[PDB]
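Take a look at this single chain, the form deposited in one PDB entry, given in structure tokens.
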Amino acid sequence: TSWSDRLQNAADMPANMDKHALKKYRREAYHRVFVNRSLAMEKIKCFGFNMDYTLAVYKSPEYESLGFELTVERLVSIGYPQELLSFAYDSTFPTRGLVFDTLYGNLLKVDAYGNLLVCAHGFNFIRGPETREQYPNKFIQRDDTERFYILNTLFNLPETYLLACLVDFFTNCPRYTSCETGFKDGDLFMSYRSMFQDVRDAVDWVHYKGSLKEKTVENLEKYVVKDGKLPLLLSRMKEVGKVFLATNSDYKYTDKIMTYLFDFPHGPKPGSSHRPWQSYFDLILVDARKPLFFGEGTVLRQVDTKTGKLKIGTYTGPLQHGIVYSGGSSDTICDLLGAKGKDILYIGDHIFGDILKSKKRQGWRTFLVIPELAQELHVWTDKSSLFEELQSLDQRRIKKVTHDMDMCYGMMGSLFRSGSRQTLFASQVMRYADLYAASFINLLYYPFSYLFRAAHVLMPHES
């Protein structure tokens, strides 16, 4: 039972829109919208969406496995050893939001301050005392973004596991000698840094020049969660505001995926005529290049929707019906929709590129979709007696229970914590996502003008 299984189960349910059934549905944590900072929905004039892992949620572990296989095949084709071909994706190893340290080849789970919560070299979990050889203060400098790479997205799950696989492989293969910062193979030295760059380049290649998109599209049911409730929610949003799409992907892929997401024998609800996905949006923008999009962005272009190619030149004209934009900046959306940032609720899955950057750079209201929350709530609920025991105790009893708690989620523990310690991801969700949920669909269960409320915060001296 993966998190995507939970999501597809809820996707298969039709919307009962009776005002009392709606209120009772959003009782269950799976269907709730969680609130970090208060948000009056009545004040939202534009709803903005990301596509990948927001509107288009890819099924797990099938899609991660596909990305993993194609990345591995790319590395073998550029010269990596044949043994890579015997790796197989394991969804129980990676948790999202890990930090790869390119100096020492470790995956790290850290808190908001760079304190080490978990350290794995290959599949070898480094316990407290031994991590002090490499991390004397059990701490990393987060501002050292050249050394440390944060694996923010579900697209990073395959490389998270692959990095550990590769480190495990070269360490244990007797054709290589292990050094502090990489591997010797006779007269060739491969640093963990160049190994990571090869993996990163290979993932990029698979997305950009490889066959991931082609393979996805030739089996959409296998790879993509589909929900009849999506057209209904979008169409209700359009009744009270403007709706826009801003994706880092290209038009041709967006068009294939979005057509699939709206492919039902009806429109917003059963019995209504089907309408093209594009009709649900006041503005469609592809090749966004987020987060640069929230800074200077790039030159605004117009897509030729017939050929899927860009028209030559910068687009200088106004918003017209049926136009599709490419590139531009968040100011494009504001200018064209007549919107200020706080009038916008932007719904995304990328904590850095969608959420943190739109908040800091533009003062947009934010909604973070966390697909794994589907499963994480189940574990949180039915394993709460473990956490409660931990909360009670607050020494090597603490270490044992922290471990058992964590193991329930996988080898790298919960997305949100290690025992009583919150992860960097958890703190960034709290700091930057005004609202969050397992799915944006949970907005369907809240009335037109709901007021999401979070308690006022007091400083220690104010209590």
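Throughout, rigid core stands for the largest set of C-alpha atoms superposing within 1.5 Å between the two forms. From 1 onward, residues are counted along the sequence shown.
Compared with other entries of the same protein, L356 falls in the group left without coordinates by at least a third of them, where both flanks are modelled.
Coordinates are lacking for 10 or more deposited residues between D394 and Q395. The mean C-alpha temperature factor is higher for 76-84 when 325-333 and 76-84 are set side by side. When the two stretches 53-61 and 396-404 are set side by side, the higher mean Cα temperature factor goes to 396-404. Residue-level inspection of the entry shows that, of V199, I257, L151, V240, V240 has the top Cα B-factor.
Residue set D101, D90, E388, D204: peak C-alpha B-factor at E388 (per PDB entry).
Among the modelled residues of its chain, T247 has a C-alpha B-factor that falls in the lowest third according to the deposited record. For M412, the recorded CA B-factor ranks within the middle third of the chain. Only modelled residues enter the ranking. In this PDB entry, the Cα temperature factor of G271 sits in the middle third of its chain's modelled residues. In the deposited entry, the Cα temperature factor of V379 sits in the top third of values across the chain's modelled residues.
Per the PDB record, residue ranking by Cα B-factor puts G105 in the lowest third of the chain.
A second form of this protein, the form deposited in another entry, is not displayed here; the remarks below concern that form.
Summarising the superposition on the core between the shown form and the other one, the listed residues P265, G338, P318, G79 contain exactly one with a Cα shift of 2 Å or larger, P318.
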